[PDB]
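Below, in structure tokens: the form deposited in one PDB entry, a single chain.
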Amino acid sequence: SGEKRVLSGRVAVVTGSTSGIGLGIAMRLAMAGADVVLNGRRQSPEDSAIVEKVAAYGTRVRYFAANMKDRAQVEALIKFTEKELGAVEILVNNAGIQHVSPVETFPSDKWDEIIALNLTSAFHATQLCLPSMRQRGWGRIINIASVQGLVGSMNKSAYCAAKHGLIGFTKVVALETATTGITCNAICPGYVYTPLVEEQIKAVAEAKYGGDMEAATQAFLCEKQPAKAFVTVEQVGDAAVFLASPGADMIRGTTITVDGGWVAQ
């Protein structure tokens, strides 16, 4: 084996880490030395390959399918990690969904589902992990919020509500743990090119650009993101590694915004 790395020995759980930002975070944590438990909504043929991709960085990697909207499955994910790898030390609440719709016709079940996954599941997971972190005197809770947790955007009422709520939750957890070795913080990405964003760009391309994905992508990006470029899953992962590292011991209850200038204007 090689030299120890900044997070060597730490056990991380990243919810919704079979795709997009969650996978980028899992990869960056593993590259920084952490053991990692990956998670997706359902078992899929691709899980083995993803596990091996993350495990190529030499740490212990596991996978556990669990619907984060079901508190029993959240508990089963945490208990699986405890049995397979050990106490959960880094919890990354990342699993999330989007639904674009004006408020007047926003479906009730979609509103409830976005609240349940993008906000309440983070509460359940944090609640289940905090007692062990307090007993051990160390912890990291990293909540994947959004720029949409700091500002609003049209046709994203439920998502903006949930993400704003997740930031408020973050502050409270940080304050309740402020004199301990546990920190809680949120990362607020701007647009990152994942399926969650690709589906929106496809809707725009069909609606306004005759299917031209290129024009629709440039228009989608430039409406909101002054950099006129996407944030990458690797950059969000680097922010998670930063928050998890010793230099962030006194970063508490705050947002790390990685958004190409979106919230600055």
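Only residues modelled in both forms are compared. All residue numbers refer to positions in the sequence shown, first residue = 1. If you superpose the two forms and keep the largest set of C-alpha atoms that fall within 1.5 Å, you have the rigid core.
Among other entries of this protein with both neighbours modelled, does residue 64 go without coordinates in a third or more of them? No, residue 64 is modelled in every other compared entry.
Check this for me: in at least a third of the other entries compared, is residue 209 absent while its neighbours are modelled? Residue status for residue 209: gap in at least one third of the other entries.
Do the C-alpha atoms of 198-206 or of 221-229 have the higher average B factor in the entry? According to the entry, 198-206 carries the higher average C-alpha B-factor.
Taking only the CA atoms, which stretch has the higher mean B-factor in the record, 17-25 or 238-246? The deposited B-factors put 17-25 ahead on the C-alpha mean.
Per the PDB entry, maximal CA B factor within 124, 83, 156, 140: It is 83.
Would you please rank residue 112 by its C-alpha temperature factor against the other modelled residues of its chain and give the third it falls in: lowest, middle or highest? Middle third.
Using the B-factors in the PDB entry, rank residue 119's C-alpha atom against the chain and give the third, lowest, middle or highest. As the PDB entry reports it, the C-alpha B-factor of residue 119 lands in the middle third of its chain.
Give the position of residue 101 by CA B-factor within its chain, expressed as the lowest, middle or highest third. Tercile = middle for this residue's CA B-factor.
Taking only the Cα B-factors deposited for this chain, tell me whether residue 164 sits in the lowest, middle or highest third. Ranked within chain, residue 164 CA B lands in the lowest tercile.
Taking only the Cα B-factors deposited for this chain, tell me whether residue 78 sits in the lowest, middle or highest third. As the PDB entry reports it, the C-alpha B-factor of residue 78 lands in the highest third of its chain.
What comes next is about the form deposited in another entry, which does not appear here.
Sole member of 181, 107, 168, 195 with a C-alpha shift of at least 2 Å between the shown form and the other one (core-superposed): Residue with a C-alpha shift of 2 Å or more: 195.
With a 2 Å cutoff on C-alpha displacement after fitting the rigid core, which stretches of 3 or more consecutive residues move between the shown form and the other one? Runs with every C-alpha shifted by at least 2 Å: 195-208, 213-216.
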